[PDB]
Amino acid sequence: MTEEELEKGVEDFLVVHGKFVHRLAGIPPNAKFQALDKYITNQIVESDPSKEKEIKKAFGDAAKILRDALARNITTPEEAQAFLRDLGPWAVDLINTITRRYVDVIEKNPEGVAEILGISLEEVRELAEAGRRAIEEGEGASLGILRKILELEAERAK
């Protein structure tokens, strides 16, 4: 696949990934998570220049997976995980890899997340911590990150 085709897959990922995570959280779309989602996805792509086409291809694959799940009655992480196991272990491992990278990006560049989200470095630490817990619970890092963003956003209206 060309660079243009790989880029359109990453663009498709950002659209369906934001819609699907917000569905699992049960809230209307959040502007701050969308900017974080785009920031993190690009950092994952640029993380390894040697595997750039591979990581881009993985995001295009996840876009087709999440697009299928969006058209089906899947509203909880438990239903999402059972949907991935029916696709096969390849889809479970692909989503997990993406999920583990998501937290890594946060921890490796805490200031960039603090600038994008307009929060403190300690609140970024809470964001990565909340992403580690959600992986342990088997509900994805981005869902636990979104839930913590809503809390920080609600707290910071003080």
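Note that residue numbering follows the sequence shown and begins at 1.
Original post:
Mean C-alpha B-factor higher for 32 to 40, or for 113 to 121?
Top reply: Result of the comparison: 113 to 121.
Original post:
Should the higher mean CA B-factor in the entry be assigned to 12 to 20 or to 131 to 139?
Top reply: The recorded data point to 131 to 139.
**OP:** Sort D68, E54, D61, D93 by C-alpha B-factor from the entry and give me just the highest.
**Re:** Across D68, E54, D61, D93, the entry lists the biggest C-alpha B-factor for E54.
Subject >> Chain third (lowest, middle, highest) by recorded CA B-factor, residue given as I98 >> reply: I98: CA B-factor falls in the lowest third of its chain.
**OP:** Just say lowest, middle or highest third for the CA B-factor of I106 relative to the other modelled residues in its chain.
**Re:** Tercile = lowest for this residue's CA B-factor.
**OP:** For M1, return the chain-relative third of its C-alpha B-factor as stated in the PDB record: lowest, middle or highest.
**Re:** Top third by C-alpha B-factor.
**OP:** Select lowest, middle or highest to describe the third in which the CA B-factor of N73 falls within its chain in this entry.
**Re:** Highest third of the chain for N73's C-alpha B-factor.
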